[PDB]
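> Input: one structure, supplied below.
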Amino acid sequence: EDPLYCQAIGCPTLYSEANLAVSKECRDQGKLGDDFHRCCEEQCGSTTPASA
């Protein structure tokens, strides 16, 4: 009916090709609750290379 995908501040916009890959990972985890924010900010888009 209505596909639930991410639309966060930095991360790719809702109807972009890169969004389907990152938003589908967060949609599969859980269902409807907390996940989406911490999974769309943790898996956002362009990650910076840094070994902590």
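Numbering (full-length UniProt numbering), first residue to last: 22 to 73.
We put the CB at the ideal spot given by N, CA and C, even for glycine.
#1: Taking its Cβ as the centre, do 16 or more other Cβ atoms sit within 10 Å of residue 36, making it buried, or is it exposed?
#2: Looking at residue 50: is its Cβ nearer than 8 Å to the Cβ of residue 56?
#3: Between residue 66 and the rest of its own chain, which residues show a CB-CB distance below 6 Å, the 5 nearest in sequence each way excluded?
#4: Between residue 25 and the rest of its own chain, which residues show a CB-CB distance below 7 Å, the 5 nearest in sequence each way excluded?
Straight from the coordinates:
#1: exposed
#2: yes
#3: 32, 33
#4: 48
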